[PDB]
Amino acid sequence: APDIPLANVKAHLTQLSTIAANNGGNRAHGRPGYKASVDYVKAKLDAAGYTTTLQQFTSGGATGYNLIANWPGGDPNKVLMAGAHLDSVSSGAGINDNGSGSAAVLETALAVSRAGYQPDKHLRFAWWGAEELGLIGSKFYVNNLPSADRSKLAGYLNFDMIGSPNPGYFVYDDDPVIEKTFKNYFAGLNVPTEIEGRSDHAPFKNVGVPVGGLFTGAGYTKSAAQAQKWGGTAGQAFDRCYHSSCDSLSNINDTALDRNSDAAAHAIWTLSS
């Protein structure tokens, strides 16, 4: 797998920040900042060679969208998916929640094209709408994916809040192979990890698709032992700006975003062979 350039991930975050500022301060479902976010990500993927689909749904009286991007080729009976919700709450720009995961998944998708990678498994990336309404976009996707296509899914990897400013390094404790792949990446860095309905992997998990993911913490407070292993500040939230107007470009830990973006790519490469 390639090393995902941190600067490229941060440049996507800058673009999402600007989109929020241009659209009433947020990127929330039903509001123009969300669809502008979708248009940004879709344009980068289309230029890289992806087959993109805008999947529309209605929730709360407003049109929502999922962005699905298929990398042409690979075994159609073995699909590896990775995704991230692209909506924010309406109080702010949602840069850590969940620009961070959205930008890491986008840069990994772009890295696939730059590397000329041809995975054995077919690769599909997704950016979910309306996660903050209750996983509505990922539920819509799973609910509308026929059972023959669900059975072709080898895994779903989720990335939701991966740049928290006072981070932990949490790995989902779900499918054992996906979990081992992430934990092995961090082991090679000599960075400890801890085991993690809270995000878009839940609709996949609930229908028996193997899932896993990365998380750097939200509203809970970092313990003394966690500050010993990862630095930062004991007694403060992992993300002091969770769901807040201050979930801005200032609300990112660059080391965590870099490591988790690199880990995302490592897992996507490893699990697609």
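So that there is no doubt, residue numbering starts at 1 and follows the sequence shown.
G168 coordinate gap across at least a third of other entries: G168: modelled in all of the comparison entries.
Other entries lacking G99, at least a third: Counting only entries that model residues on both sides, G99 is resolved in every one of them.
Gap size, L133 back to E132 (deposited sequence, no coordinates): The entry leaves nothing out here.
Comparing 216-224 with 55-63, the one whose average Cα B-factor in the PDB entry is higher: Between 55-63 and 216-224, it is 55-63.
Stretch exceeding the other in mean C-alpha B-factor - 160-168, 185-193: Between 185-193 and 160-168, it is 185-193 that shows the higher mean C-alpha B-factor.
Which of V38, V211, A47, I68 ranks first by CA B-factor in the deposited coordinates: Top of the list by C-alpha B-factor: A47.
Largest Cα B-factor, entry values, listed residues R114, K78, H201, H85: Comparing C-alpha B-factors across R114, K78, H201, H85, the top value belongs to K78.
Chain thirds of CA B-factor: placement of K180: Highest third of the chain for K180's C-alpha B-factor.
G94, C-alpha B-factor rank within chain (lowest, middle or highest third): Lowest third of the chain for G94's C-alpha B-factor.
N143 - Cα temperature factor, lowest/middle/highest third of chain: It belongs to the middle third of the chain when residues are ordered by C-alpha B-factor.
Third assignment of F238 from its chain's C-alpha B-factors: Its C-alpha B-factor, which the entry lists for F238, ranks in the lowest third among residues of this chain.
CA B-factor placement of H122, once the chain's modelled residues are sorted into thirds: According to the entry, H122 has a C-alpha B-factor in the chain's middle third.
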